[PDB]
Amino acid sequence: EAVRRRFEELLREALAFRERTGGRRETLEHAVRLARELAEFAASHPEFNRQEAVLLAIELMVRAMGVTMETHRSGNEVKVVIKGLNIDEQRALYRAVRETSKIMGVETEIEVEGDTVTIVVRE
């Protein structure tokens, strides 16, 4: 609950930032910062589901940047498809998902094709 409540607080900050942001570069920097805060906070609450924490960090960045996403469940795996990203947003999202996965001890696979980044979170 504490981790889910933290996501909600960071989501409101993410939506207020993009409202007053000066560009996609500033929004991206703030989005990576928010995702790291959530990841480190969730790591301090080991009782919370590690797989779900990674997904919440991804969704926090998706909402902060205002990009389109899709989620599909395959048993224990979760696939996230994020479209419309520029080159800088792809590199930062790849970087942030890798770091967040390592913090949570979760195995994730990342594929980049065109504007589309596909993330698979397992177990």
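When you see a residue number, it is the position in the sequence shown, counting from 1.
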Stretch exceeding the other in mean C-alpha B-factor - 18-26, 100-108: 18-26
Per the entry, where is the mean C-alpha temperature factor higher: 58-66 or 71-79? 71-79
Assert third(CA B-factor, residue 47) within chain per record equals highest
By the entry's values, the third containing the CA B factor of residue 39 is the lowest
Comparing against every modelled residue in the chain, figure out the third that the C-alpha B-factor of residue 85 lands in (lowest, middle or highest). middle
